[PDB]
Amino acid sequence: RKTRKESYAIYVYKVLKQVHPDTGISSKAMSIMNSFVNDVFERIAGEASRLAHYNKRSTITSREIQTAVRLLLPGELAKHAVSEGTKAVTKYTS
Amino acid sequence: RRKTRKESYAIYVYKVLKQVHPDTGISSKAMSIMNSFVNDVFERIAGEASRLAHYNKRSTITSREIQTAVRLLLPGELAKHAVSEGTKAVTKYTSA
Amino acid sequence: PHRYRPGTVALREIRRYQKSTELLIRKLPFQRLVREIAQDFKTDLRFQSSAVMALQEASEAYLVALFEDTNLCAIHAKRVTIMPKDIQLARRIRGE
Amino acid sequence: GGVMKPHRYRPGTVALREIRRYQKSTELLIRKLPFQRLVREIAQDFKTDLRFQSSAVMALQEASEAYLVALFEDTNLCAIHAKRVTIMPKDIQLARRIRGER
Amino acid sequence: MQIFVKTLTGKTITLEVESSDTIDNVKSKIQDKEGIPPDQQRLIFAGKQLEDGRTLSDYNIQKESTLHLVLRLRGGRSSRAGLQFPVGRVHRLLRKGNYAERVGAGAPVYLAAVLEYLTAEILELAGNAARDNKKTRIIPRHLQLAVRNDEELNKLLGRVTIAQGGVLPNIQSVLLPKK
Amino acid sequence: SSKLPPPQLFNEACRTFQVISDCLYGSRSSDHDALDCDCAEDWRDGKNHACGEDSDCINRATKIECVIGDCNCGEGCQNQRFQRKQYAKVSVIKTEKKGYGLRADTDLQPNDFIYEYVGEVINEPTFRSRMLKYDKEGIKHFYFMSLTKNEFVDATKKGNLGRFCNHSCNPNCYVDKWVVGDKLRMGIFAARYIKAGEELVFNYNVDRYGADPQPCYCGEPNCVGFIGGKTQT
Amino acid sequence: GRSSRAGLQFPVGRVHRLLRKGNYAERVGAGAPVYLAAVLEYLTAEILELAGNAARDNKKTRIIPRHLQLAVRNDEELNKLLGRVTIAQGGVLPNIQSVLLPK
Amino acid sequence: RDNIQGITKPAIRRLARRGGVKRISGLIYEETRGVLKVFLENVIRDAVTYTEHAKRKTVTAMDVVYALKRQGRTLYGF
Amino acid sequence: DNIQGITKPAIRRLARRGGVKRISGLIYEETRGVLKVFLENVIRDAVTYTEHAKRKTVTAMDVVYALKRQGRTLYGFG
DNA sequence: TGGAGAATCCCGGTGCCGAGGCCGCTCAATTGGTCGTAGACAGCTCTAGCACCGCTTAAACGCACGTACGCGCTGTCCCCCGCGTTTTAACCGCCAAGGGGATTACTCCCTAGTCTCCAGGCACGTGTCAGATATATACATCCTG
DNA sequence: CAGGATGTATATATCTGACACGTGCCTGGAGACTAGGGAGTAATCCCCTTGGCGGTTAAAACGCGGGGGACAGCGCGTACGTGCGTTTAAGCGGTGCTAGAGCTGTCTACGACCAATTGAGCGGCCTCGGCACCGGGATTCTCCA
Ligand SMILES: [Zn+2]
Ligand SMILES: [Zn+2]
Ligand SMILES: [Zn+2]
């Protein structure tokens, strides 16, 4: 008797347990992280959408996501993010 | 052989200019600027209507969503007259 | 009769309020301000508590950033106090 | 006989004359070819043998000149605020700080 | 208070009005003298379309001000709505522009109306700026003046750069010589 | 002051010429089109000057003069004065060593229009021709001033009342370039307080081609005995 | 699960569903949600790691908004990515200008 | 009414202390109240526009967040 | 070195369009540094668009979109 | 400079509600087929970008000169700060209607997709005009005898 | 001392480059019809908003002394504006060459799409410990003798 409201809570919690062994996270901090993830998702997906539109393409492929990540993240963040993206796609196709 | 059919708002901006000031012309670069302006305003209003449809879990951009986008984008009397013009247009269109 | 110099209390308050994290405007007066501003658009509006908290957070953060830049202007003009024309300068540089 | 040199213009008069002349006109104020060489040098550090369309270099020159003009407008306002009439590096750094580019 | 109302045909009529008069009243006065129905009247002053409900005082309209009269046009899918801009092309751009799964029937008509109105407003301000500078061809400079001189359009277009447009003539008072 | 205290004519007076007040130059410029400013007047009958002589009007602040009739202020624009002659009051006093002085006739407010130096504007080969014919004729007074670096002015042929001046190492007036009708012109202006009676003498700053000038009779400790220019031409 | 196959903790299925139903393109490539989930995991991991470090530096084991704020503002590239972002209950950095300090 | 004076002088002084201000001119308080009135007027206007479009009678937290998002001052946590 | 190709008189003219009356001699190095940062960011984003589109030429549309991404949208090129 | 004094920090003790985990459930995620259009790729064409070169000349450059403006100092004075005392209203807990957000049930009209048809819009010649240019032409300069 | 050839400013018939209008053509827009699903509307519930009340006490208001920082004048020196003359790349046009943008054709891999299934993940409730708060001493900073 309550509408399903999805979130990123459990995944941010999994990442927190993988990076920090003994550390918890408050409700408000989890809300901030959830809104942050939805925000960055909206930014990257919007940038990939407009990038696909510009080049007269109708499909968001790995290339559009890669270029949008290089466009939005400054410097070293972009370098490590493109490394992580390529790693993930390499593992996933295998 | 012609090169490629590329669309623009050139002739419509020219018709509006001839409707408001018949003895006035416009430079080609100024027509380009006007085309970029129309495409810009279009992209902003369509983006805001898209966000409005998304936030309210709806999959249809109707005249109401465009109207709300217009009220958000134009500061004041521009919005009031834009809503007046849009209301006139939609009314005359659906009632004929 | 032991008094602090005019300014050390300012620095201790700066360290205190920059160290803590809580809303600095009184809740109920701010809620009356919000409802009063909302009256001139639609009559008998209701507000969720979280919406008023979000407004208070955005209001405090915007004022904090404005006062920080106003302070940088004040220090730039070889002063340590802020004047109205510094706030007007800061908002002008920002683009309003 | 002799040439009789009179008094020149006071400092600032020719400056204000330039102010009015350049605020009334619209031509580009940066030399096109040196700026194009600057663009190609900056682009060199990302992809070798990059080519540019003339309209791209022109759009970059317009954007660059508009950005610098707006920055100098803001710098002039902060400078005039500080009871001076001469902009200094601190003024531009303050402008960029308040704008959020730093 | 004497004011003038100028038509696009260039005729000026003179009205006598007070700061307490509403724009509705002024339009009524204009119908009396000129014969134009108020519903067709659109008044502009200080780069602002004037609101029927407001008073001349609200707009700081003083002695000898000139208000500009523009007539609002009452009355293919474009011809059915009395618009110049292409409703069909707007509909196609909305469907194939990836903005929503579905697009309403009234949305392209409304959007084309808003686009044509904004285009007409900026071209009117540009035309007036070009005519006041004794030129007959609209140039980027006149568009730049049209945008930066109208407060509302300036607000809407504060972060855009108009190519080859320059800036508004603005010299700080302090730069001028002293007494 | 009243140091240069029977006024003389123009044509105990100096050598004769023709009094001019208009543009009667050699051939001609300045090419700077001054457009019609939106200056608020405060002028219907002359209660206050429209483009005011010491207020903040954008034309007068940059040594630019409005043409008569095209500025928005109409004819009450006080920044039209080269075309309407709002000159000050001087006269020609005979002095046995300083020659001929422009004695002030009314007590003059500082930083205002005093007079205009008008004559014949010519170029360099005709200018050195004038120099050669005049020092072969044997004149002892030389009016070979330079409007710009290229052109030159001379007033002994067809000039006006601005001839009767000299050099003083302490100037009271000065001369500055203005523009009127796309024509570069010269105007002498005061800077200090000027009382009726003393000659209005400024810094010539001459680069004389000769070797023996007349001595600077200013008699001040700031005077080096001679005038003092820029180059030793 | 496709998440474990790609070595990610973020749900590639959920990301893919949001992409399809988010009106971004008519078609969504299979590698796109995997790549996007990877980038989201990296950004989340960086911010959480810095907030955790700051929390230990404040003798707390539970991350609160103030620690997220310190984490965001002490990373120059995150500050550039989040220059228009405001963190609720975050506060401000302890920055006192030199000219105000006693002499 | 005149309830905008509810934001009092020491609360503005507190905000300024958090902003790094050390001394405050007496006119700063009225200037800050006016600036805040303008800012809140714009944000509440956008919020009410979102609320009226959604056919709701209560301005929710999401309307305020999206309104702030439209002005490039996005807020996390609501 | 080509950043010195944007010569000092040109920088003065740029300030002249901005309304600046007197310019310190130290301004020019700061202005060239600012110009370098701005052009670096816009050109970097343009090159990112070209590398995505598999084209070797920076097109006008790429520059317009790159500028638009940084909130400095440019009219008059498409 | 050091002792007094105020403020803040640290360190343990208690209470508490919210983080963190489990349990039941449901619908969204995953898998397997099935297909249809997007795009990858090779090839070809033709525009336009880069490279070079000569020539002209407008702007950049370097130095000289001078003034006016920046900057440091000093006096004045006044306004905001520190603080004490008084007051007011925010705040916290508790309660009581009840409005309206959210969900349900079910219908129905509006819009995507398809098919049919033709004229509106775009690329391109063709004519026309602000604005710049080579050219007859009047008056002053040198030019040799 | 003397005209002729020459240089110069002036008005000019013309040349150029950008803009208005007519021409063929094609592809996308308009009209017509159908299906299905999003949404519109009635109906019900129940969360959480609004309103109220009362006691606490902390913050706000208010008043006053005083100090130090804002502001204005003065004075001083140096650096930047203006200008002149020298030089050099900028600009323009003219020429040549080929890289690559842009379009097309064909094919295929890849994702849309649909049905069945099942477990991942979400709501509810339940538990205990990190933290919020408090008190007492300890350090730390400030200021006036
Ligand atoms: Zn004027
Ligand atoms: Zn005038
Ligand atoms: Zn002397």
# chains A, B, ... in the order shown; residues from 1 in each chain; ligands from 1
>>> residues_near_ligand(ligand="ligand 2", cutoff="8 Å", atoms="only C-alpha atoms (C1' of nucleotides) and all ligand atoms", output="PyMOL selection string")
chain F and resi 36-37+39+50-51+57+59+65-67+71-74+77-80
>>> residues_around(residues="range 79-94 of chain D", least_positions_apart="5", cutoff="8 Å", atoms="only C-alpha atoms (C1' of nucleotides)", output="VMD selection string")
(chain C and resid 72 to 73 76 to 77 89) or (chain D and resid 71 to 72) or (chain E and resid 174 to 175) or (chain I and resid 20 to 24 26 to 27 30) or (chain J and resid 70)
>>> atom_distance(atom1="CA of residue 53 in chain G", atom2="CA of residue 20 in chain A")
8.9 Å
>>> interface_residues(of="chain D", to="chain I", cutoff="6 Å", atoms="only C-alpha atoms", output="list in words")
residues 19, 22, 23, 30, 34, 38, 51, 52, 53, 55, 56, 69, 72, 73, 76, 86, 87, 88 and 89 of chain D
>>> write_last_selection(atoms="N, CA, C and O atoms", output="short mmCIF file (atom, residue, chain, number, x, y, z; two decimals), in the first residue's frame")
data_model
loop_
_atom_site.label_atom_id
_atom_site.label_comp_id
_atom_site.auth_asym_id
_atom_site.auth_seq_id
_atom_site.Cartn_x
_atom_site.Cartn_y
_atom_site.Cartn_z
N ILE D 19 37.13 55.38 -27.40
CA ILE D 19 35.96 54.77 -26.74
C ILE D 19 34.71 54.95 -27.58
O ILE D 19 34.00 53.98 -27.88
N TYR D 22 35.08 53.06 -31.19
CA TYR D 22 34.94 51.61 -31.19
C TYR D 22 33.61 51.15 -30.60
O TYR D 22 33.15 50.06 -30.96
N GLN D 23 32.97 51.94 -29.73
CA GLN D 23 31.62 51.55 -29.33
C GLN D 23 30.58 51.86 -30.40
O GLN D 23 29.46 51.36 -30.31
N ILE D 30 40.78 42.20 -33.19
CA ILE D 30 41.94 41.33 -33.14
C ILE D 30 42.34 41.01 -34.57
O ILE D 30 41.48 40.79 -35.43
N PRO D 34 47.23 36.47 -37.07
CA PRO D 34 47.87 36.05 -35.80
C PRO D 34 46.96 35.25 -34.88
O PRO D 34 47.41 34.30 -34.23
N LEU D 38 47.38 31.46 -33.46
CA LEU D 38 47.16 31.12 -32.05
C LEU D 38 46.20 29.95 -31.90
O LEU D 38 46.42 29.05 -31.08
N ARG D 51 42.70 20.56 -39.13
CA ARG D 51 42.27 21.58 -40.07
C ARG D 51 41.08 22.34 -39.51
O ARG D 51 40.33 21.83 -38.68
N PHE D 52 40.95 23.60 -39.93
CA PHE D 52 39.87 24.46 -39.48
C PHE D 52 39.14 25.04 -40.68
O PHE D 52 39.77 25.41 -41.67
N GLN D 53 37.82 25.15 -40.58
CA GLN D 53 37.08 25.97 -41.52
C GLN D 53 37.26 27.43 -41.15
O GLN D 53 37.45 27.76 -39.97
N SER D 55 35.06 29.75 -41.27
CA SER D 55 33.93 30.15 -40.43
C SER D 55 34.12 29.72 -38.98
O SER D 55 33.63 30.39 -38.07
N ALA D 56 34.86 28.63 -38.73
CA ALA D 56 35.14 28.22 -37.36
C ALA D 56 36.09 29.19 -36.68
O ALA D 56 35.87 29.57 -35.52
N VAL D 69 35.77 41.54 -24.21
CA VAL D 69 35.06 42.82 -24.06
C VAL D 69 34.17 42.81 -22.82
O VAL D 69 34.17 43.76 -22.03
N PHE D 72 36.37 42.94 -19.73
CA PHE D 72 36.89 44.28 -19.50
C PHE D 72 35.81 45.24 -19.04
O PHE D 72 36.11 46.19 -18.32
N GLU D 73 34.56 45.02 -19.45
CA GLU D 73 33.44 45.82 -18.94
C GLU D 73 33.26 45.60 -17.44
O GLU D 73 33.14 46.56 -16.67
N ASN D 76 36.25 47.11 -15.64
CA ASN D 76 36.09 48.56 -15.54
C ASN D 76 35.12 48.95 -14.44
O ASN D 76 35.34 49.94 -13.74
N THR D 86 42.20 53.26 -13.49
CA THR D 86 43.17 52.40 -14.16
C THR D 86 42.99 50.96 -13.70
O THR D 86 43.18 50.66 -12.52
N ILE D 87 42.62 50.08 -14.63
CA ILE D 87 42.48 48.66 -14.32
C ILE D 87 43.85 48.05 -14.04
O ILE D 87 44.88 48.51 -14.56
N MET D 88 43.88 47.06 -13.17
CA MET D 88 45.08 46.37 -12.73
C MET D 88 44.82 44.87 -12.80
O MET D 88 43.66 44.46 -12.99
N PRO D 89 45.87 44.02 -12.79
CA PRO D 89 45.65 42.55 -12.80
C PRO D 89 44.73 42.02 -11.72
O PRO D 89 43.96 41.08 -11.96
#
>>> interface_residues(of="chain B", to="chain H", cutoff="8 Å", atoms="only C-alpha atoms", output="PyMOL selection string")
chain B and resi 56+64-65+68+71-72
>>> select_by_dssp(residues="chain H", states="helix (DSSP H, G or I)", output="MDAnalysis selection string")
chainID H and resid 3:6 9:19 28:53 61:70
>>> residues_near_ligand(ligand="ligand 3", cutoff="6 Å", atoms="only C-alpha atoms (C1' of nucleotides) and all ligand atoms", output="ChimeraX atom specification")
/F:168-169,216,218,223-225,227
>>> closest_atom_pairs(of="chain B", to="chain A", cutoff="12 Å", atoms="only C-alpha atoms", output="CSV")
residue,atom,partner,partner_atom,distance
B:43,CA,A:50,CA,10.6
B:47,CA,A:46,CA,10.0
B:50,CA,A:46,CA,11.4
B:51,CA,A:42,CA,10.6
B:54,CA,A:42,CA,11.5
>>> residues_around(residues="residue 96 in chain K", least_positions_apart="4", cutoff="12 Å", atoms="only C-alpha atoms (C1' of nucleotides)", output="list in words")
residues 50, 51, 52 and 53 of chain J
>>> write_last_selection(atoms="N, CA, C and O atoms (P, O5', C5', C4', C3', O3' and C1' of nucleotides)", output="PDB file, in the first residue's frame")
ATOM      1  P    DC J  50      43.180  25.023 -43.172  1.00  0.00           P
ATOM      2  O5'  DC J  50      44.686  24.654 -43.510  1.00  0.00           O
ATOM      3  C5'  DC J  50      44.977  23.397 -44.063  1.00  0.00           C
ATOM      4  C4'  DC J  50      46.083  23.500 -45.092  1.00  0.00           C
ATOM      5  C3'  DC J  50      47.186  24.508 -44.783  1.00  0.00           C
ATOM      6  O3'  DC J  50      48.441  23.901 -45.038  1.00  0.00           O
ATOM      7  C1'  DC J  50      46.365  24.859 -46.936  1.00  0.00           C
ATOM      8  P    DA J  51      49.747  24.341 -44.213  1.00  0.00           P
ATOM      9  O5'  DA J  51      50.845  24.592 -45.341  1.00  0.00           O
ATOM     10  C5'  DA J  51      50.848  23.798 -46.515  1.00  0.00           C
ATOM     11  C4'  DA J  51      51.308  24.618 -47.702  1.00  0.00           C
ATOM     12  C3'  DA J  51      52.206  25.802 -47.354  1.00  0.00           C
ATOM     13  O3'  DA J  51      53.499  25.583 -47.886  1.00  0.00           O
ATOM     14  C1'  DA J  51      50.549  26.369 -48.974  1.00  0.00           C
ATOM     15  P    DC J  52      54.693  26.608 -47.571  1.00  0.00           P
ATOM     16  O5'  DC J  52      54.750  27.518 -48.868  1.00  0.00           O
ATOM     17  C5'  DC J  52      54.653  26.914 -50.129  1.00  0.00           C
ATOM     18  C4'  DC J  52      54.586  27.959 -51.218  1.00  0.00           C
ATOM     19  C3'  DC J  52      55.400  29.219 -50.952  1.00  0.00           C
ATOM     20  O3'  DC J  52      56.187  29.484 -52.065  1.00  0.00           O
ATOM     21  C1'  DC J  52      53.198  29.777 -51.574  1.00  0.00           C
ATOM     22  P    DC J  53      57.488  30.402 -51.928  1.00  0.00           P
ATOM     23  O5'  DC J  53      57.142  31.637 -52.865  1.00  0.00           O
ATOM     24  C5'  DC J  53      56.265  31.462 -53.971  1.00  0.00           C
ATOM     25  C4'  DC J  53      55.784  32.804 -54.464  1.00  0.00           C
ATOM     26  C3'  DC J  53      56.551  33.983 -53.888  1.00  0.00           C
ATOM     27  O3'  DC J  53      56.869  34.875 -54.909  1.00  0.00           O
ATOM     28  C1'  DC J  53      54.248  34.299 -53.579  1.00  0.00           C
TER      29       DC J  53
END
>>> interface_residues(of="chain E", to="chain D", cutoff="10 Å", atoms="only C-alpha atoms", output="list in words")
residues 140, 141, 160, 161, 162, 163, 164, 165, 166, 167, 168, 169, 170, 171, 172, 174, 175, 176 and 177 of chain E
>>> residues_around(residues="residue 16 in chain G", least_positions_apart="2", cutoff="12 Å", atoms="only C-alpha atoms (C1' of nucleotides)", output="PyMOL selection string")
(chain A and resi 41+45+60-61) or (chain G and resi 2-3+10-14+18-25+27-37) or (chain J and resi 29)
>>> write_last_selection(atoms="N, CA, C and O atoms (P, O5', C5', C4', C3', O3' and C1' of nucleotides)", output="short mmCIF file (atom, residue, chain, number, x, y, z; two decimals), in the first residue's frame")
data_model
loop_
_atom_site.label_atom_id
_atom_site.label_comp_id
_atom_site.auth_asym_id
_atom_site.auth_seq_id
_atom_site.Cartn_x
_atom_site.Cartn_y
_atom_site.Cartn_z
N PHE A 41 23.45 11.54 -14.07
CA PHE A 41 22.81 10.72 -15.09
C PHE A 41 22.05 11.57 -16.10
O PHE A 41 22.14 11.34 -17.31
N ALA A 45 23.20 11.79 -19.98
CA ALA A 45 22.23 11.33 -20.96
C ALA A 45 21.75 12.46 -21.86
O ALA A 45 21.55 12.26 -23.06
N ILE A 60 22.06 6.09 -29.23
CA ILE A 60 23.08 6.34 -28.22
C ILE A 60 23.90 5.07 -28.08
O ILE A 60 23.41 4.05 -27.57
N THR A 61 25.13 5.10 -28.55
CA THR A 61 26.05 3.97 -28.50
C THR A 61 27.09 4.30 -27.42
O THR A 61 26.96 5.29 -26.71
N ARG G 2 23.34 -9.03 -15.32
CA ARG G 2 24.28 -8.30 -16.16
C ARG G 2 25.23 -7.42 -15.35
O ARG G 2 26.31 -7.07 -15.83
N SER G 3 24.83 -7.01 -14.14
CA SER G 3 25.68 -6.21 -13.27
C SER G 3 26.95 -6.96 -12.88
O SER G 3 28.06 -6.41 -12.94
N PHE G 10 26.49 -0.72 -9.82
CA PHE G 10 25.32 0.02 -10.25
C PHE G 10 24.50 -0.79 -11.25
O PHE G 10 25.05 -1.55 -12.05
N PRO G 11 23.16 -0.65 -11.23
CA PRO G 11 22.33 -1.55 -12.04
C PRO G 11 22.27 -1.13 -13.49
O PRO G 11 21.61 -0.15 -13.83
N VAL G 12 22.99 -1.86 -14.35
CA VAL G 12 22.95 -1.60 -15.79
C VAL G 12 21.54 -1.78 -16.36
O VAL G 12 21.18 -1.10 -17.33
N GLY G 13 20.74 -2.68 -15.78
CA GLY G 13 19.36 -2.83 -16.22
C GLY G 13 18.53 -1.60 -15.96
O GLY G 13 17.77 -1.14 -16.83
N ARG G 14 18.63 -1.06 -14.74
CA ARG G 14 17.90 0.14 -14.36
C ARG G 14 18.32 1.34 -15.20
O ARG G 14 17.48 2.14 -15.63
N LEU G 18 15.89 3.50 -17.69
CA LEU G 18 15.83 4.96 -17.67
C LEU G 18 16.26 5.59 -18.99
O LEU G 18 15.70 6.62 -19.39
N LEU G 19 17.22 4.98 -19.69
CA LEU G 19 17.62 5.50 -21.00
C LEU G 19 16.52 5.31 -22.03
O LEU G 19 16.25 6.22 -22.82
N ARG G 20 15.90 4.13 -22.07
CA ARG G 20 14.84 3.88 -23.04
C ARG G 20 13.62 4.75 -22.77
O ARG G 20 13.05 5.35 -23.69
N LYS G 21 13.19 4.83 -21.51
CA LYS G 21 12.01 5.60 -21.14
C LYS G 21 12.30 7.06 -20.83
O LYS G 21 11.39 7.77 -20.40
N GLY G 22 13.53 7.51 -21.04
CA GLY G 22 13.90 8.87 -20.70
C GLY G 22 13.89 9.85 -21.84
O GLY G 22 14.28 11.01 -21.64
N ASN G 23 13.45 9.43 -23.03
CA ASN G 23 13.36 10.25 -24.25
C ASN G 23 14.70 10.88 -24.61
O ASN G 23 14.82 12.10 -24.76
N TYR G 24 15.71 10.03 -24.74
CA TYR G 24 17.05 10.46 -25.11
C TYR G 24 17.42 10.07 -26.53
O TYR G 24 18.05 10.85 -27.24
N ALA G 25 17.06 8.86 -26.95
CA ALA G 25 17.19 8.48 -28.34
C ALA G 25 16.14 7.43 -28.64
O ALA G 25 15.53 6.85 -27.74
N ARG G 27 16.81 4.61 -30.08
CA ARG G 27 17.45 3.32 -29.86
C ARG G 27 18.62 3.54 -28.92
O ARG G 27 19.31 4.56 -29.00
N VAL G 28 18.85 2.58 -28.03
CA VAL G 28 19.90 2.67 -27.03
C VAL G 28 20.82 1.47 -27.20
O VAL G 28 20.37 0.32 -27.09
N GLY G 29 22.09 1.73 -27.49
CA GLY G 29 23.06 0.66 -27.65
C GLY G 29 23.27 -0.12 -26.36
O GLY G 29 23.09 0.40 -25.26
N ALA G 30 23.60 -1.41 -26.52
CA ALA G 30 23.78 -2.30 -25.38
C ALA G 30 24.97 -1.90 -24.51
O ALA G 30 24.96 -2.14 -23.30
N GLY G 31 26.02 -1.31 -25.10
CA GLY G 31 27.18 -0.95 -24.31
C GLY G 31 27.03 0.34 -23.55
O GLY G 31 27.76 0.57 -22.58
N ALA G 32 26.10 1.20 -23.99
CA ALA G 32 25.84 2.49 -23.35
C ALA G 32 25.47 2.40 -21.87
O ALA G 32 26.07 3.15 -21.09
N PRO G 33 24.48 1.59 -21.42
CA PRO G 33 24.21 1.57 -19.97
C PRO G 33 25.35 1.03 -19.14
O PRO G 33 25.54 1.48 -18.01
N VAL G 34 26.10 0.05 -19.67
CA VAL G 34 27.28 -0.46 -18.98
C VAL G 34 28.31 0.65 -18.79
O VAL G 34 28.84 0.84 -17.68
N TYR G 35 28.56 1.41 -19.85
CA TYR G 35 29.54 2.50 -19.79
C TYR G 35 29.08 3.59 -18.83
O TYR G 35 29.88 4.11 -18.03
N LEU G 36 27.80 3.92 -18.87
CA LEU G 36 27.25 4.97 -18.03
C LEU G 36 27.26 4.56 -16.56
O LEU G 36 27.57 5.38 -15.68
N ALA G 37 26.86 3.31 -16.27
CA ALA G 37 26.95 2.78 -14.92
C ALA G 37 28.38 2.79 -14.40
O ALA G 37 28.60 3.06 -13.21
P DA J 29 13.96 -2.70 -14.46
"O5'" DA J 29 15.12 -3.80 -14.53
"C5'" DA J 29 15.57 -4.48 -13.37
"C4'" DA J 29 15.97 -5.92 -13.71
"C3'" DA J 29 16.78 -6.08 -14.99
"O3'" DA J 29 17.81 -7.03 -14.80
"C1'" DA J 29 14.86 -7.44 -15.08
#
>>> residues_around(residues="residue 68 in chain H", least_positions_apart="6", cutoff="7 Å", atoms="only C-alpha atoms (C1' of nucleotides)", output="number ranges by chain")
H: 43, 74-75
>>> interface_residues(of="chain F", to="chain K", cutoff="10 Å", atoms="only C-alpha atoms (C1' of nucleotides)", output="list in words")
residues 27, 28 and 149 of chain F
>>> write_last_selection(atoms="N, CA and C atoms", output="mmCIF file, in the first residue's frame")
data_model
loop_
_atom_site.group_PDB
_atom_site.id
_atom_site.type_symbol
_atom_site.label_atom_id
_atom_site.label_comp_id
_atom_site.auth_asym_id
_atom_site.auth_seq_id
_atom_site.Cartn_x
_atom_site.Cartn_y
_atom_site.Cartn_z
ATOM 1 N N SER F 27 43.180 74.705 -48.830
ATOM 2 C CA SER F 27 42.351 73.715 -49.506
ATOM 3 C C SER F 27 41.286 73.165 -48.567
ATOM 4 N N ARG F 28 41.711 72.678 -47.407
ATOM 5 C CA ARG F 28 40.801 72.079 -46.439
ATOM 6 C C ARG F 28 40.924 72.778 -45.089
ATOM 7 N N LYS F 149 50.709 67.982 -37.668
ATOM 8 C CA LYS F 149 52.111 67.831 -38.046
ATOM 9 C C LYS F 149 52.326 68.133 -39.524
#
>>> interface_residues(of="chain A", to="chain H", cutoff="6 Å", atoms="only C-alpha atoms", output="ChimeraX atom specification")
/A:31-32,35
>>> residues_around(residues="range 79-82 of chain A", least_positions_apart="2", cutoff="12 Å", atoms="only C-alpha atoms (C1' of nucleotides)", output="PyMOL selection string")
(chain A and resi 62-77+84-89) or (chain G and resi 35-46+77)
>>> write_last_selection(atoms="C-alpha atoms", output="short mmCIF file (atom, residue, chain, number, x, y, z; two decimals), in the first residue's frame")
data_model
loop_
_atom_site.label_atom_id
_atom_site.label_comp_id
_atom_site.auth_asym_id
_atom_site.auth_seq_id
_atom_site.Cartn_x
_atom_site.Cartn_y
_atom_site.Cartn_z
CA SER A 62 29.18 3.68 -26.33
CA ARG A 63 30.80 6.41 -28.46
CA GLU A 64 28.25 9.08 -27.47
CA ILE A 65 28.56 8.22 -23.76
CA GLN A 66 32.37 8.30 -24.06
CA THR A 67 32.41 11.70 -25.76
CA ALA A 68 29.85 13.10 -23.29
CA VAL A 69 31.97 11.88 -20.36
CA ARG A 70 35.09 13.50 -21.84
CA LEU A 71 33.08 16.71 -22.38
CA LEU A 72 31.58 16.95 -18.90
CA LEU A 73 34.29 15.75 -16.59
CA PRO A 74 37.39 17.93 -16.20
CA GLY A 75 40.90 16.48 -16.58
CA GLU A 76 42.02 13.55 -14.44
CA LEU A 77 38.40 12.66 -13.61
CA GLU A 84 36.57 2.70 -16.26
CA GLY A 85 34.11 2.87 -19.16
CA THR A 86 36.44 1.05 -21.56
CA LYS A 87 37.26 -1.55 -18.87
CA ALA A 88 33.55 -2.20 -18.20
CA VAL A 89 32.66 -2.53 -21.90
CA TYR G 35 29.54 2.50 -19.79
CA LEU G 36 27.25 4.97 -18.03
CA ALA G 37 26.95 2.78 -14.92
CA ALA G 38 30.76 2.54 -14.84
CA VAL G 39 31.13 6.33 -14.96
CA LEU G 40 28.49 6.75 -12.24
CA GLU G 41 30.26 4.17 -10.06
CA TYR G 42 33.56 6.02 -10.47
CA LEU G 43 32.13 9.45 -9.56
CA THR G 44 30.18 7.99 -6.61
CA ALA G 45 33.25 6.09 -5.39
CA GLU G 46 35.45 9.20 -5.53
CA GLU G 77 37.94 18.92 -10.48
#
>>> closest_atom_pairs(of="chain E", to="chain G", cutoff="7 Å", atoms="only C-alpha atoms", output="tab-separated table")
residue	atom	partner	partner_atom	distance
E:98	CA	G:23	CA	6.0
E:99	CA	G:23	CA	6.1
E:100	CA	G:23	CA	5.9
E:101	CA	G:23	CA	7.0
